[PDB]
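**Q** The structure that follows is given in the form of structure tokens.
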RNA sequence: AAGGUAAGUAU
């Protein structure tokens, strides 16, 4: 990695080795190189780019923080008016510095700390130190260097800008930062190491692995509200395709006794409602709760399985008087909507 | 036997919510004698459960077989 | 350079401010209701009320003497066939979600999933793959029908 | 028990099959009872009857 | 006897003094997780394993 | 004085030496029994 | 609570009768709610989708009562009465959560939307601490429901 | 890292003492469409937090 | 800037202990 | 719902009494109907996914019957698993055609 | 001055 350890913090060293396993630094660099290749390959006949080449570099070029070389090489159709070197965020461009035929693009990955996560100053310093260097090797006297701060997920660029390059580089870098496979792997590994989640709790959930344990002697109810609001659509050759609402049915199936409770809903209920999608959920939940209250405690269910994720919260609200009933979502789509066929 | 042992020792839903702490939502101290003790998502908003989690009766505490003999 | 001093994000202060706003909004509605809820002889004379009731007892005897669909469907026009008809059911959406109540057919959704899966198996602006996916043909109903 | 175990070790007898009842059907034959549920039910009930058949046969022969 | 003390004001002023969530979380790997916001987030005190 | 409702005396408080020594020993046994212990547990004991 | 009931008893179709219960007062179930905010949002959604569902308002306000915010619960019940005037359950709940004097007014308004309900009338007897006040309200009640023995039995106590 | 409440990943230490936060620790920076912008917390010309 | 907890013997003695409490 | 309705009655002598929904069949008749319907359910998976039915293991036929399916648009996450870290090259439009 | 050595195969 390009992570510099300031002291032997062994726990941090182990964590960073686990986070950047399977050569993640090189893979991130290669993915960003490919992304820049594609974003420059598309606009080659509009930016007057004769061709774009991926420079053959060392496999450990991602690791070299003392020196650097070029990752992308752009050969111009005719010529490029090089502007004065400037940061990626600079709106004003003095497009009268020099001229060129070759353009080099360097992508530098860094793991910034709290005191040194300023990526603009880093990119400027690295560009100045590498362009004016006898150790760094570049294929042209003009180019741009893109700096990525993975620890803070910042991005910037410094150096020369030929016309039509700065907005394209900005948009491409924004898209890469927002979405990238290697970057996504980095985020997921860091999340797993830190062990904090974006509200994805684990709850009882009908998968295909606990399907066998479903078949017990306890009362189970499969509740389905797919066919609550439904219309029939038919296309006519002479005219136009037309739709007609039809009555709905709530399924309260009981796999133990085979009792299929069918709540038939007329089309008149959806008369003056703007939001039918949640009205169906609330009507179905009300019917389920009423049916639970109707049955005796011996025949009352203690495990309600719902075939649609939308009817998990409404049941929890309408079963607020029955805490001893578990409401399980089903990730596998049971064919309970086909019984009306 | 293995199924019973796993049910007795496996993670329970309430004990699953116990070890989940909301990020950024500072909670008032619950137990005076131990400030380290915290319910986590249990009884606190953000857990995603509208209804209260029930006690897994497979984790009930009961006396040993030889302690039944003494009784 | 000079940094701009942003608003300090204090989650506890935000929670307290929200609770105070709810408390102050509750008081306003209480006073507003009290502006209306507070604007609503024989009460002691048992004999007078008895006489009135007896009058009422004979008083009762004396008296005795479709155009509603403008929603959308998450399918294509070419998906359907003129020679067949199919049922369209509501798509699964969270109750708390405010999205539009789009409409789907289960068989067409299954077919679309199958074709997406086969295209993905066969697979194995700027930056198309990192933009459209990270950041569904449909048509609404005009009055009676599209 | 050791006689049976060493017979199975040396291949004299076929290895014992799991004993499956109705409540056991979804644990031993769970993956095959979704494809052909009634064939699995018939096989399980045939095994149950054969277990009952041997018991009644032994009782009758001993009587 | 009740709880004869309260640390709500103390924790509030501790978050305010450290610069709030934005100031505190610049010290952390939170920005490396690329979570859009800190609202719908929860820790897991003990790992599943 | 509850009768005159007037300023009559003045009480100066101070932590006893034994209480200070007890707190110091409690912190010491928190610290010394903290070899293979999480930072959170140590800070929780100190806070308590 | 639920206002729908279904009594359960060679035909594939078994249309079972739909029954409505006059009143339904489920126990408060203190602490049964885990996510108070999510439950509050969902109950708000119920009130929005079915404004004419008295159980929705009852559960929504009682959730504020178990939470300890006893002032918003009164507002929720008042709005429910404004949207569910014919349900005596909402009016009975209003007479409970509201403070005493205003509670009386609530009953004085319930009679406007539902005069035949003897249950609120007798409720007013509890609300008025004056016997003479009880004389007015109970005898006014008999001017609308004079066939109720359960209400006429209070005449002897009323003197 | 010490006085940050446990919900934000800190140790939630309670301080019966006088601890100064250096102003260099009250600075953060965020990236938006217009580029990177830097923020402080102590607008008022006071001492260190 | 060191982060060391400095003793407040004579430091912050101007304010009472009832401040910043409700 | 077209061939399945044909499968549900195996013989012209099988009728559904008005009391219930499904036709009355013998036990082995139900076995045969179930195997025919399993073949029917595997048929559309073979067709709409262009895969051989024999390629389906007994573990995934169960998932097909139940209704669980998996997809993976992001195969680049293969990153999770002379050195082959820069050896990958890029083919431009020019290379594609020029 | 330190408490800051990855280990492992191969010549």
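We number chain G the same way Swiss-Prot does; the residues here are 249-257, 265-414, in that order.
Per the header: electron microscopy, 3.1 Å.
From the backbone N, Cα and C atoms, a Cβ is placed for every residue, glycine too.
According to Swiss-Prot:
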| type | residues | note |
| --- | --- | --- |
| MOD_RES | G:266 | phosphothreonine |
| MOD_RES | G:275 | phosphothreonine |
| MOD_RES | G:279 | phosphoserine |
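Quick one: how deep are these features, and who are their neighbours?
**A** The Cβ of residue G:266 (phosphothreonine) lies under 8 Å from no Cβ of any same-chain residue at least six residues away in sequence.
Under the DSSP three-state reduction, residue G:275 (phosphothreonine) is assigned to coil, being neither helix nor strand.
For residue G:279 (phosphoserine), the same-chain residues lying six or more positions away in sequence with a CB closer than 8 A to its CB are G:249, G:250, G:251, G:310, G:344.
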**Q** Just how many other Cβ atoms lie inside 10 Å of the Cβ on residue G:275 (phosphothreonine)?
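**A** Residue G:275 (phosphothreonine) is surrounded by 9 other Cβ atoms within 10 Å.
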**Q** List which of the modified residues G:266, G:275, G:279 have a Cβ under 8 Å from any Cβ of chain J, in sequence order, or say none.
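**A** Checking chain J against the modified residues, the residues within range (Cβ-Cβ under 8 Å) are G:266.
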